[PDB]
4 protein chains.
Amino acid sequence: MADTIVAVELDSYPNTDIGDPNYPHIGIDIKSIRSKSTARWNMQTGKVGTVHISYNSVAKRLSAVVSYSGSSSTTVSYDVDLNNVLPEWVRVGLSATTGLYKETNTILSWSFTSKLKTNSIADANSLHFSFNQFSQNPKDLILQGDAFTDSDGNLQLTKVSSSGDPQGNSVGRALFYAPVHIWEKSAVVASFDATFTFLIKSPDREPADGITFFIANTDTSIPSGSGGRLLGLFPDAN
Amino acid sequence: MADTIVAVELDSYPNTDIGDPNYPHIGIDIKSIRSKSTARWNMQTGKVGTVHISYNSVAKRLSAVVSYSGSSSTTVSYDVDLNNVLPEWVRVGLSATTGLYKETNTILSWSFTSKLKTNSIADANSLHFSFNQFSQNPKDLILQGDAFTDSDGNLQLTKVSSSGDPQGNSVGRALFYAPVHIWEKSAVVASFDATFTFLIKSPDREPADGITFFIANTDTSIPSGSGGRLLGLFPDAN
Amino acid sequence: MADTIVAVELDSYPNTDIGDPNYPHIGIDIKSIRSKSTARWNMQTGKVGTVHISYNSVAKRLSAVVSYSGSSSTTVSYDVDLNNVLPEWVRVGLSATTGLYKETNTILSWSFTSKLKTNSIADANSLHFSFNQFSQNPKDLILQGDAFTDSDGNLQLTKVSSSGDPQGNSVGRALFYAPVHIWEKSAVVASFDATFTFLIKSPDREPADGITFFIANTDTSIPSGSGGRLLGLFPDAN
Amino acid sequence: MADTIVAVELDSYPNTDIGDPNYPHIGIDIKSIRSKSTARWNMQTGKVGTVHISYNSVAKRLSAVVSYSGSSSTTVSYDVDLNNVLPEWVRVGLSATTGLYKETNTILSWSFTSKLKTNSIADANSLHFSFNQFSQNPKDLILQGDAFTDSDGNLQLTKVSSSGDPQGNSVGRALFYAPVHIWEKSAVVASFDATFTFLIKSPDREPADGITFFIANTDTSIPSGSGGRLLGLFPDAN
Ligand SMILES: OC[C@H]1O[C@H](Oc2c[nH]c3ccc(Br)c(Cl)c23)[C@@H](O)[C@@H](O)[C@@H]1O
Ligand SMILES: OC[C@H]1O[C@H](Oc2c[nH]c3ccc(Br)c(Cl)c23)[C@@H](O)[C@@H](O)[C@@H]1O
Ligand SMILES: OC[C@H]1O[C@H](Oc2c[nH]c3ccc(Br)c(Cl)c23)[C@@H](O)[C@@H](O)[C@@H]1O
Ligand SMILES: OC[C@H]1O[C@H](Oc2c[nH]c3ccc(Br)c(Cl)c23)[C@@H](O)[C@@H](O)[C@@H]1O
Ligand SMILES: [Ca+2]
Ligand SMILES: [Ca+2]
Ligand SMILES: [Ca+2]
Ligand SMILES: [Ca+2]
Ligand SMILES: [Mn+2]
Ligand SMILES: [Mn+2]
Ligand SMILES: [Mn+2]
Ligand SMILES: [Mn+2]
Ligand SMILES: [Mn+2]
Ligand SMILES: [Mn+2]
Ligand SMILES: [Mn+2]
Ligand SMILES: [Mn+2]
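Method of determination for the deposited model, per the PDB record: X-ray crystallography, at 2.00 Å resolution.

If you want it as structure tokens, here you go:
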């Protein structure tokens, strides 16, 4: 049985044969690579970008924003009730790919908070983590595929040479080690927010393929055939 | 020279003559007592209730949920860009009233978090406070009208007798002492979250008038003529 | 090789044989059951207690306080550099035992925060979790020995019958699932704090054996021979 | 009539005639400019520094660490019960002065957390603010003397010219707007943590005079005659 995925994609490469708009874009992916909602993303290759993501079960609106120093931001939102989509326990992560074309998929920092409140006025259960650099052997991350942490304390989701040159046909992901509780039968409100900073560099005219923040079943793994345009998340483009 | 008001009301008394639905309701108030959105509130007089309020500038949805132990919740939301409504600096507060009819408007706890993030590398600016108990002399609150802290460590927004019985024609508010920064020219995303627990008791078969969490110009004060149905927030019913 | 243990013990049963003082006590344990520091704990069996523990690497003072509603608190401290003791990556946990004599070792809530500041700017890393009730399937806990979560949402560290009657000769522990990063080469300051609430009930005249909060090597497991007076932490009394 | 002051000073200029050690030093000040504890400061004029300060009422140890890019660290600690020094309600702030000699007293960020926990089931009361830039009109700061926010979003505690050259005989302070509750009779534990980053530059061979983080009576003001060596904090050198 396939994983169940919700993701925010920073999609650098337009794959118009599988429903991408014809420009780099941000998107909200609900169980499919074909985003439920997109916005045109004005990439700044070579510059550090920031992504902020948030949701809560009352508003039922998942939103993301991407910005760079000085520049205008790109936003995207989608109305969705995540408890109709995801299981009650999840893992959260980051993924990235390259394909025929390539780019660095470098993460410089990543934080995440979730809260789960029940009517029983026990206060909310909560989880927060923050990484402002990464350990070169990160015991609180599950690294999958080609993901690794370099000597600069950067998380490299996809392969780069010793010179820092990105490689094609690469896929990797990093999940936080602890499962996250995002609903239960008695729950009143669940919320989460996530931030990460990133550095996509590329020598290619058309960099590819992009980076995501994603939420999945706890035992999620890189699907077979999920390289390139599928962002290490899906086994097909349905 | 009137205040600028955004509020979530727990309106226990139907004033159908000024547009209330004909039942106790939770509502979102944008510069008018006449709610832009309401939902039926199934009151549990004598039982401790919990309200959670959330907003962010990307999703632009103001949401609130009210619940009691072992009971279903009631939610209300309204799509609104708060930057088009409120000033950049605000104060946040709780208000309550009684009129001809009455209830205790007792607050057992109140917390609030705000974050403001700009395009810069700088992490979000933030404020958080949490009161799970109120001090006899709460120097971090601006107490307005009949509002006072009692011997049990509770905030009473409106008058109660020496034996704990509510009095009619009362108005009271409590503002957090520090102004909150909610937008800036340079801003990328702003968000706030708030929670309070409340205890409404009444000897009246129909209690009145309600409690709000509100946001306003920093110099906000109880308007003249704001008693009873106007919840201590508005000078008229327009 | 043997685990590395730093613990705060709530030691309900005096084993004067192995150096316990002749009264219930709160103790700080560094690599030995024989506490580096103790203070008398005036137990209130059948009443909900609270423990707060804190440390930072500049002050180098590990402190704990135990209290009950309307009671005098008891404090214990020890001056130690915890990096002389602990590995850079640890798991944090709660343990309990019963032996010949018994008690319930019930956990009603548990929170923990750690922060590590280096050379990057704001926290190289932070981790916080808060459990105000425990799920029936707590996927973010590693439960060892007899530890289980019950129908009331409490964490029971040691065995209880269907009636809630504690059992003798029981051992149980619960670890937070994710490893915690408490030091690295570039580190300037590291800190943590933890809080738990507990309900110890017993039909025995002298309840036994107690509860700890502990920090260990990530791969920590209940040592052979760690029953009773050794609190599920140590293979012997050295 | 005189303020009540607790401070951590970064004293760039040795005033031996008022009991400074004869080198730049960090110190802990309890109701006097004459530090109760000092450490030689591994000082790096022209480089951005970071300060971390912490205290809790159980350990009763006020500790500070100053470092630069995670290196050149200086630490100072002092054993003191702040309950016996400070009032229950305070304001927290930053101060800085120049005198005959001069330096920029630039603050690039400032954060603060306080927690106060009593016997009750009630969880901690708390306050947190984080400023990673300073806005043009900081309505949540009480700016005293020469302190202002500049075009870069930095807080300048003392006078700098239009070109960025520091001026002599300056004094400035910034207080967080909300009073902070650091103790109550029913308290079990109270704690606070403060961080700030700073940038001290000087065309002088000897910069002066220094920067402090301080905790005072809520109504604290710059004492008359508190320039230069007295750091904007004390009326005299007693
Ligand atoms: O990295 C960009 C893309 O490269 C590959 O698709 C192609 C894009 N342009 C091409 C041109 C020729 C050939 Br053959 C291929 Cl496979 C492609 C595939 O790996 C895609 O999944 C990926 O999105
Ligand atoms: O507390 C409930 C209500 O009591 C008063 O309104 C009346 C309720 N019943 C009435 C009957 C007659 C007249 Br006149 C009035 Cl104003 C009222 C007014 O104080 C209202 O503002 C308030 O909402
Ligand atoms: O639970 C209380 C204690 O019970 C046992 O030790 C004894 C305490 N009193 C005794 C009396 C007789 C014998 Br045999 C034993 Cl083992 C004990 C052992 O299980 C101890 O580890 C434990 O601390
Ligand atoms: O900025 C450094 C110092 O400059 C002044 O003190 C003097 C330093 N050298 C002097 C020489 C003569 C005289 Br009079 C004075 Cl006050 C001083 C005073 O402003 C001091 O408070 C300050 O610490
Ligand atoms: Ca694509
Ligand atoms: Ca009404
Ligand atoms: Ca013992
Ligand atoms: Ca000096
Ligand atoms: Mn796409
Ligand atoms: Mn947000
Ligand atoms: Mn209404
Ligand atoms: Mn919330
Ligand atoms: Mn012991
Ligand atoms: Mn603490
Ligand atoms: Mn000095
Ligand atoms: Mn700290």
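Now for the coordination of the calcium ion (ligand 7). Around the calcium ion (ligand 7), the protein contributes the donor atoms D11 of chain C (OD), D11 of chain C (OD), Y13 of chain C (O), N15 of chain C (OD1) and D20 of chain C (OD), at 2.4 to 2.5 Å from the metal centre. In the primary structure, the donors to the calcium ion (ligand 7) are separated according to the pattern D-x1-Y-x1-N-x4-D.

Turning our eyes to something else, we now look at the interface of chain C and chain A. Taken residue by residue, the interface counts 26 residues in chain C and 27 residues in chain A. Between chain C and chain A lies a buried interface of about 2,100 Å² when both sides are counted; carbon and sulfur atoms form 53% of it. In terms of surface lost to chain A, no three residues of chain C exceed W89, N132 and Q133 of chain C, which account for 26% of the buried area on that side. Across the contact surface, chain C and chain A share 0 salt bridges. Counting across the chain C and chain A interface gives 14 residue pairs in polar contact. Those elements that place two or more of their residues in the side of chain C that touches chain A are β7 (89–97) and β9 (125–131) of chain C. Among the elements that line the side of chain C that touches chain A, the one with the most residues is β9 of chain C, at 7 residues. When grouped by side-chain class, the residues that make up the side of chain C that touches chain A number 11 nonpolar, 11 polar and 4 charged.

Look at the link from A208 of chain B to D209 of chain B: it is a cis peptide, with omega at 0°. Relative to the elements of secondary structure, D209 of chain B occurs in the loop between β15 (187–199) and β16 (210–216). Its identity as a non-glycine residue notwithstanding, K31 of chain C has a phi of 65°, on the positive side. Structurally, the position occupied by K31 of chain C is in the loop between β2 (25–30) and β3 (37–40).

In this section: the relation of the copies chain D and chain B. With an axial shift of 0.2 Å and an RMSD of 0.5 Å, the rotation relating chain D to chain B amounts to 180°. Considering both components of the superposition, the chain copies are consistent with a two-fold axis. The fraction of interface residues of chain D whose copies in chain B are also interface residues reaches 96%, indicating that both copies meet through the same surface.

Residue and element names in this part refer to chain A. As annotated by UniProt and renumbered to match this structure, "binding site: a carbohydrate" occupies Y13, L100, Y101 and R229. Judged by maximum C-alpha separation, these annotated positions cover 217 residues in sequence but sit close together in space, the widest gap being only 10.8 Å. Sequence-distant contacts of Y101, that is, excluding residues within four places in its chain, are made with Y13, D204, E206, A208 and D209. Within the fold, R229 resides in the segment after β16 (210–217). Owing to a relative accessible area of 32%, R229 belongs among the partly exposed residues under this scheme.

The next subject is the site of ligand 1. Residues and elements named next belong to chain A. Within the structure, ligand 1 sits among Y13, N15, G99, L100, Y101, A208, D209, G228 and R229. With respect to ligand 1, the backbone of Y101 contributes an N or O atom lying 3.1 Å from an oxygen atom. Take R229: an N or O atom from its main chain is 3.0 Å from an oxygen atom of ligand 1. In isolation ligand 1 offers 500 Å² of accessible surface; the protein chains occlude 54% of this area. Residue composition of the shell around ligand 1, by class: 4 nonpolar, 3 polar and 2 charged.

Here the focus is the coordination of the manganese ion (ligand 11). Residues and elements named next belong to chain B. Around the manganese ion (ligand 11), the protein contributes the donor atoms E9 (OE), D11 (OD), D20 (OD) and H25 (NE2), at 1.9 to 2.3 Å from the metal centre. Positions of the donor residues of the manganese ion (ligand 11) along the chain correspond to the pattern E-x1-D-x8-D-x4-H. Taken as a pair, the manganese ion (ligand 11) and the calcium ion (ligand 6) lie 4.2 Å from each other and share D11 as a ligand. For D11, a relative accessible area of 2% corresponds to the buried category.

Definitions and limits used
- Residues numbered from 1 in each chain as written, not as in the entry; some residues may be left out.
- Chains lettered and ligands numbered in written order.
- Heavy atoms only, no water.
- Residues with missing side-chain atoms left out of burial classes, pairs and counts.
- Donors = N, O, S within 2.8 Å, 3.2 Å for Na, K, Ca; no water.
- Contact = heavy atoms within 4.5 Å.
- Buried area = accessible area lost by both parts, 1.4 Å probe.
- Salt bridge = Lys/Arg side-chain N within 4 Å of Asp/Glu carboxyl O.
- Polar contact = N/O pair within 3.5 Å; in protein donor to acceptor, adjacent residues only side chain to side chain.
- Helix = DSSP H or I, 4+ residues; strand = E, 2+ residues; numbered from the N terminus.
- Nonpolar A, V, L, I, M, F, W, Y, C, P; charged D, E, K, R; others polar.
- Least-squares fit on C-alpha atoms.
- UniProt positions renumbered as here; feature names shortened; annotations may be inferred.
- Buried < 20%, exposed > 50% of the residue type's maximum accessible area, 1.4 Å probe, protein only.
- Near = heavy atom within 4 Å.
- Areas by Shrake-Rupley, 256 points an atom, 1.4 Å probe, with all protein chains shown as cover.

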